[PDB]
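First comes the structure, then the notes that go with it.
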Amino acid sequence: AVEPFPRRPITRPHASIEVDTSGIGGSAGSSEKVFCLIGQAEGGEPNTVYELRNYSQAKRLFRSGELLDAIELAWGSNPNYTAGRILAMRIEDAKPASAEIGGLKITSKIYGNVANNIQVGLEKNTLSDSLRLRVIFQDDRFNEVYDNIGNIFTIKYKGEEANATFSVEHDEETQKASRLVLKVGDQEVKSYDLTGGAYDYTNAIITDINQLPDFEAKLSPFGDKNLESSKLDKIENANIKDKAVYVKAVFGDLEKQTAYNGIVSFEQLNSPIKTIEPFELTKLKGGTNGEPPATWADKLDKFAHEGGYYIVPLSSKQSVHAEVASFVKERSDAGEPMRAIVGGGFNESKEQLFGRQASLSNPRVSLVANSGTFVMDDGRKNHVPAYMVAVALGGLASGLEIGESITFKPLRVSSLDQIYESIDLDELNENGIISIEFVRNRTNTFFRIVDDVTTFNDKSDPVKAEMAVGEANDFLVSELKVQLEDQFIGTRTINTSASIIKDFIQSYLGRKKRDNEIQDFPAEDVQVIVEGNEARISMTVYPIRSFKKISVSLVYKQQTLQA
Amino acid sequence: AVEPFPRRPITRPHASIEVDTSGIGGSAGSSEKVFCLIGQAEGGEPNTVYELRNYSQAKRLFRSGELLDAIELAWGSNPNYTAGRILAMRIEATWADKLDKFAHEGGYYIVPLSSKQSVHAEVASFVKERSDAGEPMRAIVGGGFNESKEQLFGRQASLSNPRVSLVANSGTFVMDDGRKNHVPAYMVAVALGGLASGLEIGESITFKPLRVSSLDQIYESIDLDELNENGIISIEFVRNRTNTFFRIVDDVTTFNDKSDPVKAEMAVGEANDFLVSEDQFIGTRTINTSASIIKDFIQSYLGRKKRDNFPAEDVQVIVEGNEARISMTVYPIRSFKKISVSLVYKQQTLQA
Amino acid sequence: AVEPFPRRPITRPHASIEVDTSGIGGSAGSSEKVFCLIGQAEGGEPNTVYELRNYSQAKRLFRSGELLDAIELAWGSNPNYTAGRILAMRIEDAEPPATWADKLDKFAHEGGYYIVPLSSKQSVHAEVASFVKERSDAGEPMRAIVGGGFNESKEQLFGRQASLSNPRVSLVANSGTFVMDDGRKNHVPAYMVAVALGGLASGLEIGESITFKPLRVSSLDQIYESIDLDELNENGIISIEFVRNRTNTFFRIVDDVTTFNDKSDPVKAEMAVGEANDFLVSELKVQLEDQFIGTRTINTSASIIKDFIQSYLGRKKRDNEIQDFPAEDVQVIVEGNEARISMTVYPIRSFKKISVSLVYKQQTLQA
Amino acid sequence: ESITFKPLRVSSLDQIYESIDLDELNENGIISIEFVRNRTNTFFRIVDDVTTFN
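For the record, the sequence lines run as chains O, B, I and I'. A prime marks a further copy of an entry chain. Under the authors' numbering, the residues of the first sequence are numbered 2 to 271, 295 to 587, in order. Under the authors' numbering, the residues of the second sequence are numbered 2 to 93, 318 to 503, 510 to 540, 545 to 587, in order. Under the authors' numbering, the residues of the third sequence are numbered 2 to 95, 315 to 587, in order. Last residue of the fourth sequence? That's 481 in the authors' numbering, and every number before it is there in order.
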């Protein structure tokens with residue numbers, strides 16, 4: 002916008018400035034082909050989608066389940082490309098482990114049966130007049146102790162009068178601290194309202210009370226403790242004259258110090297409220313996975329408006345493949361383009377692959393034929409069903425640039441269960457099924473992805489037959505819609521508007537040409553007509569295409585040499 | 002209308018502004034061809050017409066029933082076309322009293338989810354009662370799971386009506402849950418009604434594909450001709466290619482007549498239902520006239536106009556009772572059903 | 002097609018994209034000839050059609066039988082040309317079959333053009349003749365190649381060519397000895413030579429003749445004299461000539477004359493131009509049908525159909541499947557239900573006569 | 428100058444209307460606020476400046 006300085010106008014004689022920032026704002030680059038996986042694993046909150054950037058982060062969320070192996074293959078397969086973000090979700094529902102003891106709810110922050118190995122125990126430190134809390138968990142070699150818990154600050158009375166007592170008033174409605182009262186003799190000397198105003202934090206009371214001559218106050222010796230004064234614990238007539246009485250909050254100190262604890266969260270039982301008391305160490309119970317869900321449809325819905333383009337479900341079940349096919353379809357039609365890549369079981373006959381391809385013909389799904397073995401970063405050599413190979417292909421396709429085909433690219437696989445003859449790869453390709461070719465004619469022998477054909481049979485339209493072209497189309501039309509929306513909708517039809525839109529379109533297509541996301545655009549074909557409430561825009565685009573045939577015609581000719 | 006500003010009139014000295022807005026009014030275009038369904042469902046409140054806009058909303062209102070499978074087919078046969086609005090009603318016997326509720330819901334094609342011929346006759350009567358009013362409609366219907374040609378002919382003859390079409394074939398659709406759902410032919414009629422609703426105004430379903438997995442019966446060319454000539458729609462299994470697919474043979478209507486396209490062929494009937502139709512000089516300017524000089528005058532006029540911008548053989552004039560009716564012929568857009576190629580082999584002398 | 006983005010419409014203020022793919026969508030190339038064989042064999046299930054691509058695949062699906070030799074000759078006899086697909090079917094009753321008409325029908329909607337039956341019986345020849353006629357009339361053009369037994373006189377050959385005078389059958393006179401990749405030399409009936417000729421004809425480009433193409437055989441049992449070959453050529457029987465005057469001796473296929481008795485029309489007499497006609501009509505039919513039927517008769521359709529036909533015929537000219545065409549004879553008339561289309565084609569003919577006129581003349585050299 | 432597609436600044440909305448819901452209200456001439464979600468940045472648009480007139 003043009004910005005007025007000052008913002009508030011003036012009607013004296015004055016000067017004013019009007020600054021235009023529109024020349025320097027820039028715009029967003031090409032969208033990330035974020036890659037989506039949905040998988041079983043231990044650990045992590047169910048039905049929650051996690052953005053992931055490092056394998057370390059993944060292995061902290063997910064604990065060695067098949068989802069983590071899939072993430073491993075997804076990043077690790079082709080290291081010469083920049084790593085993308087991953088969106089991961091845990092299929093099964095899983096209860097956290099819990100216990101009830103000592104006036105408290107104890108709850109795990111992890112979910113699943115592992116959480117039943119958590120155990121916690123609470124004891125009196127009779128030296129510091131405090132609690133001491135033990136937390137121990139074996140699967141991570143985790144052990145932490147929190148001590149001097151409960152003491153927050155102290156008051157000493159140093160007047161010459163014999164009688165001086167500390168007291169905190171209940172609020173029976175809420176069980177909060179209503180007021181702080183200091184008594185000397187038969188009267189209050191000073192008192193504070195704790196659940197509102199200037200004294201709603203303990204540190205401010207400590208600051209004020211130290212001004213009074215007879216009283217002095219200090220924080221706990223250990224740590225650094227401050228609380229909303231509402232959480233002060235109920236204390237009556239405590240004889241601050243004889244010794245410096247420690248003021249306490251027990252649950253508040255537990256909450257505050259455990260705030261950064263990643264293993265256990267605590268809540269208090271109720295109204296009457298139970299006194300916090302030490303207890304012999306107890307295990308958590310009842311943490312378990314449920315049965316695997318019969319439908320994934322309502323969970324795949326969670327990826328909606330998570331801005332990621334390729335999905336692989338970690339299952340071989342045709343029902344799951346039809347589910348994800350439908351989800352891809354509905355998100356595409358709603359204007360959030362998607363694709364899915366799919367694979368069979370461990371080793372399934374060529375008839376079964378045609379069966380799947382016929383039962384699931386859709387230009388936004390791809391089926392991977394081969395199954396094989398990978399070598400893991402753990403050093404295992406493991407045997408994996410073909411959908412894990414589809415995970416590897418998805419990681420590659422999300423690593424390649426927009427419209428850069430996975431056709432005829434190396435696959436970092438150790439071996440394949442089926443190695444197909446030339447004619448079998450011909451037939452699988454003709455049926456629109458992706459296969460992996462073992463290249464034996466070279467001295468170095470390696471595995472190539474044969475082609476990026478989609479499961480939609482009709483080769484006639486490249487936007488349907490080929491993944492790369494459909495992807496380039498989807499991103500083209502999506503970035504057109506979103507940018508024309510945010511740039512022009514609601515703007516006034518100024519007499520120049522058609523020229524401005526033409527310049528904007530030519531700028532956009534210039535960028536797409538620069539980045540090798542289109543072959544070219546004939547800029548003379550960009551035409552804009554503005555008529556009343558709308559603009560109609562027309563443009564010609566030559567799409568970018570991978571080579572898939574080369575024909576060489578080689579003609580021998582004689583030559584006469586003389587000297 | 003022209004708006005006065007101020008709205009109040011004034012007589013003391015003043016200015017007033019009259020605003021002609023009429024140069025800007027719009028939205029005068031057609032309705033879309035909203036699609037209509039009636040049939041069995043769970044969950045929905047019976048005999049209430051619901052607008053539906055996506056399958057999620059359908060599964061939210063209706064559940065666990067053949068109406069939701071119908072809505073699925075209604076958006077699944079035409080994936081490369083706009084998924085428009087659908088109107089649907091759970092019906093919990319006479320059906321007219323229910324069909325009355327659609328009377329002022331602006332939808333053009335209806336399908337009853339039933340094979341019962343009484344239902345089809347009721348629906349044809351409803352379509353008649355609406356279309357003779359200001360709001361045209363059509364219906365599509367189908368048989369059961371397998372009916373003979375003579376049964377189909379008997380049904381078509383009993384249901385012979387220029388706004389009803391019968392579909393013969395039945396088959397299997399792959400649903401989005403992956404179920405191989407075997408369905409009676411009236412669900413194929415739902416699929417065709419969905420396609421016809423998706424197509425443009427006066428496009429035609431002939432030679433469009435049907436995304437169906439298999440058909441219960443495959444008709445050879447003579448049987449396809451028999452059904453077509455009887456005004457029954459049939460589906461061809463295209464076998465002449467490795468890329469086999471299923472093709473809608475024609476958009477014929479159960480009223481078959483060679484003498485009028487508009488009643489024989491559904492798409493031209495729809496065009497007539499949606500087409501749009503588009510200067511005076513008075514005899515006091517002349518002492519006497521006749522149809523001959525009226526014709527020659529209007530020919531000179533339209534000759535001047537077409538020079539600035545009509546064949547004398549194509550304008551008719553009748554004068555009666557101080558009134559002259561001038562009737563032009565006009566040519567609407569049809570769709571090809573026949574291509575005739577005459578191939579002549581010549582031969583040529585080359586020389587060098 | 003043209004498609005909206007999004008697919009579901011929006012009412013509130015928005016932008017929407019409409020995208021057209023016709024300019025990049027491909028088109029069907031020139032159709033492929035595929036060769037069909039029906040044979041006595043051991044091996045896979047009878048009365049089903051196998052597509053075969055490799056001799057190894059064939060030698061797994063079939064073994065040790067005349068069908069496998071026929072497949073071998075079909076690929077081996079045309080070394081210069083790309084080895085096409087073969088459609089092969091073992092036949093046995095579920315013992316010798318009385319009739320093959322019950323089984324030939326299983327080829328009907330396969331993508332196959334040339335048939336050879338591996339038998340000498342005239343009844344089988346009539347059956348395949350009827351089948352090829354049936355499928356052609358149905359709109360799936362085919363041809364049959366036919367041959368006799370081990371050794372036959374001209375009388376018997378003329379009798380057979382009487383029994384079948386037909387524009388879609390060709391009779392092969394000669395029988396001979398081949399040499400096989402198994403290191404074997406075997407005398408074979410003339411229909412195995414017909415298998416070789418069908419392999420070559422299906423390998424050759426569309427509209428290219430087998431006349432004067434070489435044939436590869438160890439020997440022929442009947443070496444016909446020049447008058448004998450002229451006699452058989454007049455009777456529309458294909459004969460193999462032993463070239464002897466050249467230093468190199470080899471076997472020519474003399475001519476591609478069909479068994480049809482009237483030579484006045486070459487489209488009926490000669491296999492090559494009949495095949496070119498069949499493919500031209502088939503491709504015109506199927507492409508115009510899927511292109512235009514059901515489309516709106518918009519005012520410009522008279523342009524668009526002419527442009528389509530001119531493009532198609534330009535493509536046919538490019539592949540040398542027609543000689544030429546006049547562009548201005550491509551004419552289209554539109555009436556409310558019907559497109560009426562006119563075209564002229566100059567078809568492509570093989571040279572079968574060359575006449576040289578040589579005029580000796582004097583020149584006066586002087587210096 | 429129209430308020431359509433101008434931003435609006437609010438901590439939250441109690442009713443988040445779906446796309447079909449917003450189309451319904453826009454057809455009825457009721458102004459509605461759209462929660463933009465597909466962008467990385469999430470913000471509230473004023474959908475349209477339609478008056479209540481039918």
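For every residue, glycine included, the Cβ atom is placed at its ideal position computed from N, Cα and C.
| query | result |
| --- | --- |
| Amino acids of chain I', ordered along the chain, whose beta-carbon sits closer than 7 Å to that of residue 13 of chain I | 449, 450, 453, 474 and 475 |
| Residue 92 of chain B: CB within 6 Å of a non-hydrogen atom of the ligand MN | Although the ligand MN was asked about, the structure shown includes no ligands whatsoever. |
| Segment limits, beta strand (DSSP E) that includes residue 550 of chain B | 550 to 555 |
| One or two residues paired with residue 87 of chain I in a DSSP bridge | I:36 and I:53 |
| Closer than 7 Å at the beta carbon, the chain O residues around residue 83 of chain I | Here the premise fails: no neighbours, minimum Cβ distance about 13 Å. |
| In chain order, each beta strand (DSSP E) run of at least 3 residues that lies wholly inside the region 438 to 510 of chain I | 460 to 463 and 470 to 473 |
| Rounded distance between the beta-carbons of residue 347 of chain B and residue 377 of chain B, thought under 8 Å | Residue 377 of chain B to residue 347 of chain B, Cβ: 20 Å. No contact. |
| Contact belief for residue 545 of chain I with residue 564 of chain I at Cβ below 8 Å, rounded distance in angstroms | 6 Å |
| Of the listed residues I:458, I:495 and I:22, nearest to residue 242 of chain I (C-alpha basis) | A break in chain I separates 95 from 315, and the residue in question, residue 242 of chain I, sits inside that break with no coordinates. |
| Rounded straight-line distance, which links the Cα of residue 513 of chain B to that of residue 557 of chain B | 11 Å |
| Assumed close pair residue 35 of chain I, residue 86 of chain I - CB separation to whole angstroms, cut-off 8 Å | 5 Å |
| Within chain I, partners of residue 548 of chain B - CB distance below 8 Å | By Cβ distance, chain I contributes nothing, its closest Cβ being about 17 Å from residue 548 of chain B, past 8 Å. |
| Segment contact, 8 Å Cβ cut-off, at least three pairs: the region 3 to 21 of chain I with the region 466 to 477 of chain O | no |
| Opposing strand residues paired with residue 560 of chain I [DSSP bridges] | B:575 and I:553 |
| Residue 109 of chain O beta carbon less than 7 Å from that of residue 178 of chain O | no |
| 3-residue-minimum beta strand (DSSP E) runs that sit fully inside the region 350 to 423 of chain I, ordered along the chain | 363 to 367, 389 to 392, 396 to 400 and 404 to 407 |
| Any chain O beta carbon closer than 7 Å to residue 403 of chain B | yes |
| Outcome for residue 428 of chain I' when other beta-carbon atoms lying within 10 angstroms are tallied against a minimum of 16 | exposed |
| Interfacial residues, the region 466 to 499 of chain B to chain O, with Cβ spacing under 8 Å | 468 |
| Interface residues of the region 549 to 569 of chain B facing chain I [CB-CB below 9 Å] | 566, 567, 568 and 569 |
| Supposed close pair residue 48 of chain O, residue 326 of chain O - CB separation, criterion 8 Å | 6 Å |
| Contact list for residue 514 of chain O against chain I', beta-carbon separation under 7 Å | 429, 431, 432 and 433 |
| Extent of the continuous alpha helix (DSSP H) run through residue 300 of chain I | Looking at chain I, the numbering goes 95 and then 315, which leaves residue 300 of chain I without any coordinates in this model. |
| Residues bridged to residue 570 of chain B [DSSP beta-bridge criterion] | I:516 |
| Chain B contacts made by the region 373 to 385 of chain O, where a contact means CB separation under 7 Å | 383 |
| Exposed unless 16 or more other CB atoms sit within 10 angstroms - verdict on residue 195 of chain O | buried |
| Partner residues on chain O for residue 463 of chain B, Cβ-Cβ distance less than 9 Å | Simply none; closest approach about 13 Å. |
| Every unbroken alpha helix (DSSP H) within the region 144 to 232 of chain O, with a cutoff of 4 residues, ordered by chain | 203 to 210 |
| Cβ distance (whole Å) where residue 385 of chain O is taken to contact residue 481 of chain O below 8 Å | 6 Å |
| Range of the contiguous beta strand (DSSP E) that encloses residue 269 of chain O | 265 to 269 |
| Backbone CA spacing between residue 221 of chain O and residue 56 of chain O [nearest angstrom] | 41 Å |
| Residue 11 of chain O (DSSP reduced to helix, strand or coil) | coil |
| Residue 352 of chain O vs residue 320 of chain O beta-carbon contact at 7 Å | no |
| Cα-Cα separation, residue 517 of chain O to residue 339 of chain O | 53 Å |
| Inter-residue CB distance, residue 529 of chain O and residue 536 of chain O (contact presumed, cutoff 8 Å) | Not quite, the Cβ-Cβ distance comes to about 11 Å (not below 8 Å), so this is no contact. |
| Close beta carbons around residue 237 of chain O, own chain, < 6 Å, minus the five adjacent residues each side | 168 |
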